[PDB]
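Next up: a single chain in structure tokens, the form deposited in one PDB entry.
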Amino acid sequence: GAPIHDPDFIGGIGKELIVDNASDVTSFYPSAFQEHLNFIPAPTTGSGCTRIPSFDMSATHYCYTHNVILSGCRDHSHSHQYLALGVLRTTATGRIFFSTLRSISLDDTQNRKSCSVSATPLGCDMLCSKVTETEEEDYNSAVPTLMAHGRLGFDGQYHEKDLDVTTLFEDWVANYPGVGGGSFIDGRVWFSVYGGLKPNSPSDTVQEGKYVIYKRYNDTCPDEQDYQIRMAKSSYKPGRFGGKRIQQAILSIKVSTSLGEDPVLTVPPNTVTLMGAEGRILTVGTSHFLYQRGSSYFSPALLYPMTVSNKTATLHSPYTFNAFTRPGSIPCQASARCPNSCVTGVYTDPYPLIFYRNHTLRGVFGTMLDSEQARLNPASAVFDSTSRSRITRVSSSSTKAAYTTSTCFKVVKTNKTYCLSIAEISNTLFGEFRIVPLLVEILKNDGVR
């Protein structure tokens, strides 16, 4: 009943789990899907769905949230936001299970979507967007998207406060939380956000001519330099949103009794970040990372090192995992190696797992959609910069996936490393999407050498 992770987890949450410098990264791999957890509620109705999962865990508790739709799973539909606060416990037999301390289903009328959540000392901080219109209409609207900062405390109470997006996102036509989890850092909660810049606005003007071309390993692009640059520049203004610059941002907010207190929007230079996309701000040990969904031409998982300076942050050259690809429409498929304009891909974050003694991230765990173009075939595995380990297929090759957010930890008591993988999956004839939690232990083959 303790409002903290059970003693066995103490000291095994949020840190660098494995630091092997000698042994290969891919030698570490996911086992068979263990103790199928049930902290995530199934959809309220049989014809409805659960979608857009966000999870973040600190050394004391975890936070989880998801959007629920009563009929169908089409975005242009009414939805409720489910938010929960919980801790990692063990049974008498050592069985790991996610225990919910508090939970709330926002059954009101506010149209919350693209919500992200973060574990803070005060509980579970949530960043949501509120809109009654279309997404493609939002980038077509003149005003920024409404956003709110909420919190489900340890006391079960929920408080929320709408942000003054008029001034905070004055340079944006559309703005949304990255859906991925946010991170608590130096008294502030950091949520990755994305959207469209108002053309010719101060923010849009500062990003003019700014771009970056990330290459694939051992697979260079055959297109000429002049053309690649031309394509990279256009990747920030995909035709889908009519020329608007799809921008990546970072929003920090002070964690205190007052919600939405002192919000500061940092917009990293596009010479670092690719096209704005869904993302996640996480902290593993002492380093911070910004996961960016590969919505543009870049297929391999991006893990941007994030450093903090007061209320703003700076992103450095991203860690890339070539094998950890994501499905996408041509010319931005899983094998795409050339810069291009597109709004595709799927959110499938990599959790910093293996590090060097010097703390440089060496390997990550994540449930990728092992598919070339279609959002399907989820598979858990460990990936370094170029390869992947023995995979643990979530289900069949027919399983459609929309999101996979992974968070790994250790049971210091048994010294075993585990990875929680929350996936929004569905089969062709079993119903709409539903979020399912999968826990897998990270193994290592010693008898190899």
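Take the two forms, find the largest set of C-alpha atoms that superpose within 1.5 Å, and that set is the rigid core. Don't overthink the numbering: it's just position in the shown sequence, from 1.
Separately, the form deposited in another entry exists; it is not shown, and the next lines address it.
> With both forms fitted on the core, give yes or no for whether the Cα of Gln34 moves by 2 angstroms or more between the shown form and the other one.
The answer is no; the displacement is under 2 Å.
> Using the core for the fit, does the CA position of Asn427 change by 2 Å or more between the shown form and the other one?
True for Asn427: a C-alpha shift of 2 Å or more.
> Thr386: CA shift of at least 2 Å between the shown form and the other one after core fit?
No, the C-alpha moves less than 2 Å.
> Would one find the Cα atoms of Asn111 and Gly431 closer or farther in the other entry than in this form, where their distance changes by 3 Å or more?
Closer together, by at least 3 Å.
> Shorter or longer C-alpha distance for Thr100 and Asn427 in the other entry, given it differs from this form by 3 Å or more?
Compared with the shown chain, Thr100-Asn427 is closer in the other entry.
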